[PDB]
file run_14.txt (compact mmCIF, C-alpha atoms and all ligand atoms)
# COMPACT_ATOMS: atom_id res chain seq x y z
CA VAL A 60 23.13 -13.77 20.01
CA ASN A 61 26.04 -15.09 17.94
CA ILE A 62 28.85 -12.94 16.60
CA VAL A 63 29.86 -14.37 13.22
CA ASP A 64 32.51 -13.66 10.60
CA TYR A 65 30.99 -12.99 7.18
CA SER A 66 34.01 -11.00 5.96
CA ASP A 67 34.78 -13.67 3.35
CA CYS A 68 31.54 -12.79 1.53
CA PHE A 69 32.09 -9.04 1.75
CA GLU A 70 35.20 -9.47 -0.43
CA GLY A 71 36.98 -6.57 1.22
CA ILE A 72 34.02 -4.16 1.33
CA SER A 73 33.35 -2.42 4.66
CA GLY A 74 30.02 -3.51 6.11
CA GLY A 75 27.99 -5.61 8.50
CA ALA A 76 25.13 -8.10 8.52
CA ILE A 77 22.40 -9.22 10.89
CA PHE A 78 20.13 -12.27 10.48
CA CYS A 79 17.36 -12.98 12.99
CA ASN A 80 15.13 -16.05 13.37
CA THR A 81 12.36 -15.01 15.76
CA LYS A 82 11.10 -18.59 16.25
CA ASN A 83 14.26 -19.68 18.10
CA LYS A 84 15.44 -16.08 18.81
CA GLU A 85 18.83 -16.77 17.16
CA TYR A 86 20.49 -13.41 16.30
CA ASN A 87 23.53 -13.75 13.98
CA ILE A 88 25.56 -10.53 13.87
CA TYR A 89 28.58 -9.51 11.79
CA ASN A 90 30.08 -6.15 12.81
CA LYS A 91 27.90 -5.33 15.81
CA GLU A 92 28.93 -1.66 15.96
CA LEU A 93 27.78 -1.06 12.40
CA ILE A 94 24.56 -3.09 12.88
CA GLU A 95 23.54 -0.78 15.74
CA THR A 96 24.35 2.48 13.89
CA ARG A 97 21.42 4.49 12.47
CA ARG A 98 21.72 5.65 8.84
CA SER A 99 19.37 6.89 6.14
CA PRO A 100 17.25 3.97 4.85
CA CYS A 101 17.32 5.40 1.29
CA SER A 102 15.20 3.26 -1.10
CA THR A 103 14.65 0.53 1.49
CA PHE A 104 12.01 2.89 2.85
CA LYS A 105 9.81 1.81 -0.08
CA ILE A 106 8.96 -1.29 1.99
CA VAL A 107 7.23 0.96 4.53
CA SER A 108 5.97 3.69 2.17
CA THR A 109 4.23 1.04 0.07
CA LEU A 110 2.34 -0.11 3.16
CA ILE A 111 1.51 3.49 4.12
CA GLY A 112 0.08 4.15 0.67
CA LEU A 113 -1.98 0.94 0.78
CA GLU A 114 -3.30 1.66 4.28
CA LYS A 115 -4.33 5.20 3.34
CA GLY A 116 -5.92 4.09 0.05
CA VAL A 117 -3.55 6.10 -2.16
CA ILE A 118 -2.85 2.73 -3.84
CA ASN A 119 -4.83 -0.51 -3.68
CA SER A 120 -3.05 -3.36 -5.43
CA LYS A 121 0.13 -4.32 -7.19
CA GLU A 122 -1.47 -2.86 -10.37
CA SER A 123 -2.23 0.56 -8.85
CA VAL A 124 -1.02 3.61 -10.78
CA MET A 125 -0.07 7.16 -9.70
CA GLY A 126 -1.02 9.05 -12.86
CA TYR A 127 2.20 9.62 -14.82
CA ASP A 128 2.23 13.18 -16.21
CA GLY A 129 4.75 12.83 -19.04
CA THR A 130 7.86 14.25 -17.33
CA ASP A 131 11.10 13.18 -19.02
CA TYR A 132 13.43 10.96 -16.98
CA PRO A 133 16.72 9.27 -17.96
CA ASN A 134 15.51 5.84 -16.79
CA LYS A 135 13.39 4.50 -19.66
CA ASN A 136 11.09 2.64 -17.29
CA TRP A 137 10.16 5.74 -15.29
CA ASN A 138 8.59 7.34 -18.40
CA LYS A 139 5.29 5.50 -18.23
CA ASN A 140 2.18 5.01 -16.10
CA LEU A 141 3.82 2.18 -14.23
CA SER A 142 2.13 -0.06 -11.68
CA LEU A 143 3.06 -0.36 -8.00
CA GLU A 144 4.90 -3.61 -8.77
CA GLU A 145 6.99 -1.96 -11.51
CA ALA A 146 7.63 1.25 -9.54
CA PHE A 147 8.89 -0.85 -6.64
CA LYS A 148 11.20 -2.96 -8.81
CA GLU A 149 12.44 0.08 -10.78
CA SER A 150 12.76 2.17 -7.58
CA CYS A 151 10.82 4.88 -9.44
CA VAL A 152 11.37 8.02 -7.36
CA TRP A 153 8.56 10.14 -8.80
CA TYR A 154 5.93 7.47 -8.15
CA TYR A 155 6.92 7.11 -4.50
CA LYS A 156 7.31 10.85 -3.96
CA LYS A 157 3.83 11.48 -5.36
CA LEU A 158 2.48 8.65 -3.21
CA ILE A 159 3.93 9.93 0.06
CA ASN A 160 2.99 13.56 -0.67
CA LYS A 161 -0.67 12.51 -0.73
CA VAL A 162 -0.33 11.44 2.94
CA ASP A 163 -0.47 13.93 5.80
CA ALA A 164 2.61 14.20 8.02
CA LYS A 165 0.82 13.21 11.24
CA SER A 166 -0.32 9.88 9.73
CA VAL A 167 3.24 9.15 8.64
CA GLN A 168 4.65 10.18 12.02
CA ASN A 169 2.22 7.87 13.83
CA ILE A 170 2.93 4.87 11.57
CA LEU A 171 6.71 5.30 11.97
CA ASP A 172 6.27 5.66 15.75
CA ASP A 173 4.15 2.47 15.84
CA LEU A 174 6.77 0.59 13.78
CA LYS A 175 9.60 2.00 15.93
CA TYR A 176 11.21 3.02 12.64
CA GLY A 177 14.55 4.33 13.82
CA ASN A 178 14.56 7.95 14.92
CA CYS A 179 11.13 8.43 13.26
CA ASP A 180 12.37 11.90 12.25
CA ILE A 181 10.40 13.27 9.30
CA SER A 182 11.19 16.91 10.09
CA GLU A 183 13.00 17.41 6.77
CA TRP A 184 10.01 16.22 4.76
CA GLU A 185 11.37 17.63 1.49
CA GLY A 186 14.70 15.84 1.91
CA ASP A 187 18.25 16.93 1.20
CA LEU A 188 17.58 19.90 -1.07
CA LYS A 189 21.21 21.02 -1.03
CA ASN A 190 22.05 18.18 -3.45
CA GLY A 191 20.17 20.12 -6.17
CA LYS A 192 17.73 17.32 -7.11
CA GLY A 193 14.66 19.27 -6.01
CA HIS A 194 11.52 17.18 -5.89
CA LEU A 195 13.59 13.97 -6.35
CA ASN A 196 14.29 14.10 -2.62
CA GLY A 197 12.59 13.20 0.63
CA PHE A 198 13.02 12.65 4.35
CA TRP A 199 14.02 9.02 3.71
CA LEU A 200 16.87 9.75 1.21
CA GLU A 201 20.04 10.90 3.06
CA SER A 202 17.98 13.28 5.15
CA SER A 203 16.38 13.41 8.60
CA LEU A 204 15.11 9.79 8.89
CA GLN A 205 17.69 7.29 10.13
CA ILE A 206 17.43 3.63 11.12
CA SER A 207 19.92 0.97 12.10
CA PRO A 208 20.27 -2.41 10.39
CA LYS A 209 19.10 -4.04 13.62
CA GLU A 210 16.03 -1.80 13.70
CA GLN A 211 15.33 -2.62 10.05
CA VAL A 212 15.27 -6.33 10.94
CA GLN A 213 13.03 -5.63 13.92
CA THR A 214 10.64 -3.69 11.69
CA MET A 215 10.64 -6.36 8.97
CA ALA A 216 9.85 -9.03 11.55
CA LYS A 217 6.99 -7.04 13.08
CA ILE A 218 5.42 -6.45 9.66
CA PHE A 219 5.76 -9.92 8.19
CA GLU A 220 4.98 -11.90 11.36
CA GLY A 221 1.64 -10.07 11.42
CA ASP A 222 2.33 -8.01 14.57
CA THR A 223 1.35 -4.67 13.04
CA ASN A 224 -2.13 -3.38 12.26
CA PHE A 225 -1.43 -3.29 8.51
CA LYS A 226 -3.94 -5.42 6.60
CA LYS A 227 -2.88 -8.97 5.74
CA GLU A 228 -3.88 -8.30 2.10
CA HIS A 229 -1.45 -5.36 2.07
CA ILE A 230 1.36 -7.36 3.66
CA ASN A 231 0.92 -9.99 0.95
CA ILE A 232 1.14 -7.36 -1.80
CA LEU A 233 4.47 -6.27 -0.32
CA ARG A 234 5.60 -9.88 -0.12
CA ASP A 235 4.74 -10.47 -3.75
CA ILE A 236 6.61 -7.45 -5.04
CA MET A 237 9.68 -7.98 -2.83
CA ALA A 238 10.25 -11.56 -4.00
CA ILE A 239 13.73 -12.13 -5.46
CA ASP A 240 14.91 -14.92 -7.74
CA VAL A 241 18.19 -16.33 -6.43
CA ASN A 242 18.36 -19.44 -8.68
CA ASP A 243 17.69 -21.67 -5.68
CA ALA A 244 14.16 -22.99 -5.41
CA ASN A 245 14.74 -24.29 -1.86
CA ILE A 246 14.85 -20.79 -0.34
CA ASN A 247 12.43 -17.90 -0.79
CA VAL A 248 14.28 -14.58 -0.61
CA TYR A 249 12.53 -11.20 -0.42
CA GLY A 250 14.15 -7.81 -0.12
CA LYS A 251 14.88 -4.30 -1.30
CA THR A 252 18.13 -2.44 -1.99
CA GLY A 253 18.95 1.13 -1.14
CA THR A 254 21.75 3.43 -2.20
CA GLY A 255 22.87 6.76 -0.79
CA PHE A 256 26.01 8.73 -0.16
CA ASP A 257 26.61 10.24 3.27
CA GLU A 258 28.22 13.57 2.38
CA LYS A 259 29.10 14.40 5.99
CA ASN A 260 31.09 11.21 6.57
CA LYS A 261 32.05 10.57 2.91
CA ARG A 262 30.74 7.00 3.00
CA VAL A 263 28.07 5.11 1.09
CA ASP A 264 24.85 3.88 2.64
CA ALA A 265 24.36 0.67 0.65
CA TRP A 266 21.55 -1.60 1.85
CA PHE A 267 19.87 -4.92 1.24
CA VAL A 268 17.02 -5.58 3.71
CA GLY A 269 14.48 -8.42 3.63
CA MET A 270 13.70 -11.94 4.68
CA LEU A 271 14.49 -15.48 3.92
CA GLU A 272 12.34 -18.55 4.23
CA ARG A 273 13.83 -22.04 4.19
CA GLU A 274 11.68 -24.96 5.41
CA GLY A 275 9.50 -23.47 8.16
CA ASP A 276 12.29 -21.21 9.42
CA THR A 277 12.21 -17.53 8.48
CA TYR A 278 15.18 -15.18 8.90
CA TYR A 279 14.84 -11.40 8.83
CA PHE A 280 18.02 -9.74 7.63
CA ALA A 281 19.79 -6.49 6.90
CA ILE A 282 23.12 -6.19 5.11
CA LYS A 283 24.76 -2.79 5.08
CA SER A 284 27.93 -1.27 3.71
CA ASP A 285 29.47 2.02 4.83
CA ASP A 286 32.47 1.86 2.49
CA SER A 287 34.13 5.05 1.33
CA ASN A 288 34.18 3.70 -2.25
CA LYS A 289 31.33 5.31 -4.23
CA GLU A 290 31.15 2.23 -6.42
CA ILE A 291 29.53 0.24 -3.58
CA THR A 292 25.77 0.29 -4.23
CA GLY A 293 22.69 -1.46 -2.90
CA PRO A 294 22.80 -3.87 -5.85
CA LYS A 295 26.40 -4.73 -4.91
CA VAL A 296 25.39 -5.29 -1.30
CA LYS A 297 22.51 -7.50 -2.46
CA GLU A 298 25.08 -9.69 -4.24
CA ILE A 299 27.01 -9.95 -0.98
CA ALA A 300 23.81 -10.82 0.87
CA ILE A 301 22.99 -13.54 -1.64
CA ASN A 302 26.47 -15.05 -1.19
CA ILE A 303 25.95 -15.08 2.58
CA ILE A 304 22.53 -16.71 2.23
CA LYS A 305 23.87 -19.37 -0.12
CA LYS A 306 26.90 -20.06 2.10
CA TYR A 307 25.42 -20.02 5.59
CA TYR A 308 21.61 -20.20 5.33
CA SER A 309 21.04 -23.03 2.84
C1 LIG B 401 17.12 4.68 -3.38
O1 LIG B 401 18.01 4.20 -2.69
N1 LIG B 401 17.32 5.30 -4.47
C2 LIG B 401 16.32 5.27 -5.54
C3 LIG B 401 16.94 4.44 -6.67
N2 LIG B 401 17.11 3.02 -6.25
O2 LIG B 401 18.28 2.67 -5.66
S1 LIG B 401 18.68 1.18 -5.51
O3 LIG B 401 19.26 0.61 -6.94
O4 LIG B 401 19.70 0.98 -4.51
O5 LIG B 401 17.51 0.45 -5.10
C4 LIG B 401 18.23 5.13 -7.11
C5 LIG B 401 19.20 5.46 -5.97
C6 LIG B 401 18.53 6.07 -4.74
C7 LIG B 401 18.32 7.54 -4.96
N3 LIG B 401 19.37 8.31 -5.22
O6 LIG B 401 17.20 8.02 -4.89
call {"tool": "encode", "arguments": {"input": "run_14.txt", "output": "structure tokens", "more": "lines below"}}
Ligand SMILES: *C(=O)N1C[C@H](NOS(=O)(=O)O)CC[C@H]1C(N)=O
result
Amino acid sequence: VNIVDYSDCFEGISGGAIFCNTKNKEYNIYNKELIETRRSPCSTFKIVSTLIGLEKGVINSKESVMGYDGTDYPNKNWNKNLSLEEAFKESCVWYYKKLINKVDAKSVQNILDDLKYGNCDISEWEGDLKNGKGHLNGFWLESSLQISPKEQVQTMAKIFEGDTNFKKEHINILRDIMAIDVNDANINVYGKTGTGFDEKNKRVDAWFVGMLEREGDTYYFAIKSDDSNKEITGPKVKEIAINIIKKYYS
């Protein structure tokens, strides 16, 4: 377990990082206190909810659709019968809300418990209704479910090392749709951003969680900001993560 200084890459933004290679159990940690602190996963939960939907047969493949009903949304790309692959990359809220609401709460509870997914607290199934966004809410978006960056890495590793009961075919669908292009063909990067604002503490929850493969070695990682600046988003934290990968993991 190595404590490291990645502050140079964070360019003044408050956050932490954890990279884990489970082959040689090398844990690299920047800001250990933050890395151990549970927060809402926000849209990073789509990694797990995709697998839930696949396992329960709500969806079947990266082409699978959820039956768009014509509702008007400001994001162009949400206004169509988009596939799993597109809904994942566009973080289409209605697609993933419809998906999870076809699954009974006990099945979700048991999968989160099996994955050790943070506090596994789905008690506020409907999410943070006080923000006014109604059905564009859920337990995973600044609501009851909370997970630490370290626990995210532990979950990612369990899934992608094949230590869960999720089907290999379903894991590979997730892998496909999480693949990122980082303009470096000598590393494969996979991940998902998340963005939320913690109203209680007046800080962002900005995430980039995923994995990294470079010549036989795989690193599971989670980068997380808790800055008080609302301009700090998951996309911004993904930039930071990419800088760290290019600097230290090439
Ligand atoms: C998830 O974090 N969300 C869904 C969507 N995607 O965010 S991302 O660009 O960080 O991946 C918009 C923000 C957020 C939400 N408010 O639902």
call {"tool": "closest_atom_pairs", "arguments": {"input": "run_14.txt", "of": "chain A", "to": "ligand LIG 401 (chain B)", "cutoff": "8 Å", "atoms": "all atoms listed in the file", "output": "tab-separated table"}}
result
residue	atom	partner	partner_atom	distance
A:100	CA	B:LIG401	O1	7.6
A:101	CA	B:LIG401	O1	4.2
A:102	CA	B:LIG401	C1	3.3
A:103	CA	B:LIG401	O1	6.5
A:149	CA	B:LIG401	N2	7.1
A:150	CA	B:LIG401	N2	4.6
A:151	CA	B:LIG401	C3	6.7
A:152	CA	B:LIG401	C2	5.9
A:195	CA	B:LIG401	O6	7.1
A:196	CA	B:LIG401	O6	7.1
A:200	CA	B:LIG401	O6	6.3
A:251	CA	B:LIG401	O5	6.6
A:252	CA	B:LIG401	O5	4.3
A:253	CA	B:LIG401	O4	3.5
A:254	CA	B:LIG401	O1	3.8
A:255	CA	B:LIG401	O1	5.8
A:265	CA	B:LIG401	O4	7.0
A:266	CA	B:LIG401	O4	7.1
A:292	CA	B:LIG401	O4	6.1
A:293	CA	B:LIG401	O4	4.2
A:294	CA	B:LIG401	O3	5.8
call {"tool": "residues_around", "arguments": {"input": "run_14.txt", "residues": "segment 130-144 of chain A", "least_positions_apart": "3", "cutoff": "12 Å", "atoms": "all atoms listed in the file", "output": "ChimeraX atom specification"}}
result
/A:105-106,108-110,112-113,117-127,147-155,158,195,232-238
call {"tool": "write_last_selection", "arguments": {"input": "run_14.txt", "atoms": "C-alpha atoms", "output": "PDB file, in the frame of the given file"}}
result
ATOM      1  CA  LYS A 105       9.810   1.810  -0.080  1.00  0.00           C
ATOM      2  CA  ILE A 106       8.960  -1.290   1.990  1.00  0.00           C
ATOM      3  CA  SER A 108       5.970   3.690   2.170  1.00  0.00           C
ATOM      4  CA  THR A 109       4.230   1.040   0.070  1.00  0.00           C
ATOM      5  CA  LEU A 110       2.340  -0.110   3.160  1.00  0.00           C
ATOM      6  CA  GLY A 112       0.080   4.150   0.670  1.00  0.00           C
ATOM      7  CA  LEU A 113      -1.980   0.940   0.780  1.00  0.00           C
ATOM      8  CA  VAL A 117      -3.550   6.100  -2.160  1.00  0.00           C
ATOM      9  CA  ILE A 118      -2.850   2.730  -3.840  1.00  0.00           C
ATOM     10  CA  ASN A 119      -4.830  -0.510  -3.680  1.00  0.00           C
ATOM     11  CA  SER A 120      -3.050  -3.360  -5.430  1.00  0.00           C
ATOM     12  CA  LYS A 121       0.130  -4.320  -7.190  1.00  0.00           C
ATOM     13  CA  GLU A 122      -1.470  -2.860 -10.370  1.00  0.00           C
ATOM     14  CA  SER A 123      -2.230   0.560  -8.850  1.00  0.00           C
ATOM     15  CA  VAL A 124      -1.020   3.610 -10.780  1.00  0.00           C
ATOM     16  CA  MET A 125      -0.070   7.160  -9.700  1.00  0.00           C
ATOM     17  CA  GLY A 126      -1.020   9.050 -12.860  1.00  0.00           C
ATOM     18  CA  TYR A 127       2.200   9.620 -14.820  1.00  0.00           C
ATOM     19  CA  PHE A 147       8.890  -0.850  -6.640  1.00  0.00           C
ATOM     20  CA  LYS A 148      11.200  -2.960  -8.810  1.00  0.00           C
ATOM     21  CA  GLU A 149      12.440   0.080 -10.780  1.00  0.00           C
ATOM     22  CA  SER A 150      12.760   2.170  -7.580  1.00  0.00           C
ATOM     23  CA  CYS A 151      10.820   4.880  -9.440  1.00  0.00           C
ATOM     24  CA  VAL A 152      11.370   8.020  -7.360  1.00  0.00           C
ATOM     25  CA  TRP A 153       8.560  10.140  -8.800  1.00  0.00           C
ATOM     26  CA  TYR A 154       5.930   7.470  -8.150  1.00  0.00           C
ATOM     27  CA  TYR A 155       6.920   7.110  -4.500  1.00  0.00           C
ATOM     28  CA  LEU A 158       2.480   8.650  -3.210  1.00  0.00           C
ATOM     29  CA  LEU A 195      13.590  13.970  -6.350  1.00  0.00           C
ATOM     30  CA  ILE A 232       1.140  -7.360  -1.800  1.00  0.00           C
ATOM     31  CA  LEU A 233       4.470  -6.270  -0.320  1.00  0.00           C
ATOM     32  CA  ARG A 234       5.600  -9.880  -0.120  1.00  0.00           C
ATOM     33  CA  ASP A 235       4.740 -10.470  -3.750  1.00  0.00           C
ATOM     34  CA  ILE A 236       6.610  -7.450  -5.040  1.00  0.00           C
ATOM     35  CA  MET A 237       9.680  -7.980  -2.830  1.00  0.00           C
ATOM     36  CA  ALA A 238      10.250 -11.560  -4.000  1.00  0.00           C
TER      37      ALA A 238
END
call {"tool": "residues_around", "arguments": {"input": "run_14.txt", "residues": "residue 223 of chain A", "least_positions_apart": "2", "cutoff": "12 Å", "atoms": "all atoms listed in the file", "output": "number ranges by chain"}}
result
A: 107, 110, 114, 170-175, 213-221, 225-227, 229-230
call {"tool": "closest_residue", "arguments": {"input": "run_14.txt", "among": "A:79, A:111, A:164, A:94", "to": "residue 272 of chain A", "atoms": "only C-alpha atoms"}}
result
A:79
call {"tool": "closest_residue", "arguments": {"input": "run_14.txt", "among": "A:262, A:283, A:189, A:115", "to": "residue 159 of chain A", "atoms": "only C-alpha atoms"}}
result
A:115
call {"tool": "closest_residue", "arguments": {"input": "run_14.txt", "among": "A:128, A:95, A:185, A:67", "to": "residue 211 of chain A", "atoms": "only C-alpha atoms"}}
result
A:95
